[PDB]
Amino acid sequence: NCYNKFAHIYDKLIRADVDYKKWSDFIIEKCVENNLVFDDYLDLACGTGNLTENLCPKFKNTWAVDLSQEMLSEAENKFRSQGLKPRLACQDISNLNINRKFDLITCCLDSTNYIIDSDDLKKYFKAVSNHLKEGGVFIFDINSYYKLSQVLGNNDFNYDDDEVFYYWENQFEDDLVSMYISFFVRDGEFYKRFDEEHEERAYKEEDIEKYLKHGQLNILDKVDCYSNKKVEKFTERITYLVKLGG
């Protein structure tokens, strides 16, 4: 619960609009509306498994993939303490290589935005469709173009609750947002530092829709941050629901 603890802090302070149960329930709900057979589940970019632990128990076989060895280990400890046994694999989403097909594939927490190269994003969607069972569903979200370009843009911010301190600087340029964040977490009489630096591309729904089709994937629904609400001009998080089209 160390890097796992930090992961919660991050999602609660930086993301701010994340609710595990809410999202997982929304996903299950959509799975049911699609007569899905809960046999095989794959969660890409599972991180420390905060979303996997909610959906994993609803399926027979689960696979969790993430590039961070550090995080995989955390998720593994979590899964274990919960009697969960999902198959793990450290791989880059752009080059997903798992000999297995699934009913449900998830990729949440704006992970898709980390693929800043349009080509790698195409490979990604193609990779995904190559792992979807016929009739299977693929659910993923992204930070909206408005969220990264306006709401984030170039705004530096300081936060100071008496247990966690952080300075977050945003640099927006040419559809790419660079985030530099220094965390200082309380650990008794001392603090431990955490420097996080991520880069996300601001993709337009028009571009995503095009890149999706390129992956032979069809859109089943496009909503506002895991809910039935429709996407609007100021939406900050878009949740896509797709399936194998061809």
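Note that residue numbering follows the sequence shown and begins at 1.
For the segment pair 189-197 and 39-47, the entry gives 189-197 the higher mean B-factor, averaged over Cα atoms. 138-146 and 94-102 differ in mean CA B-factor, and the higher of the two is recorded for 94-102.
In the PDB entry, a CA B factor belonging to the middle third of its chain's modelled residues is recorded for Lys222. Per-chain ranking of the deposited C-alpha B factor places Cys56 in the highest third. Among all modelled residues in its chain, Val242 ranks in the middle third by Cα B-factor.
Among the modelled residues of its chain, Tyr211 has a C-alpha B-factor that falls in the highest third according to the deposited record.
Split the chain's modelled residues into thirds by C-alpha temperature factor. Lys21 is in the middle one.
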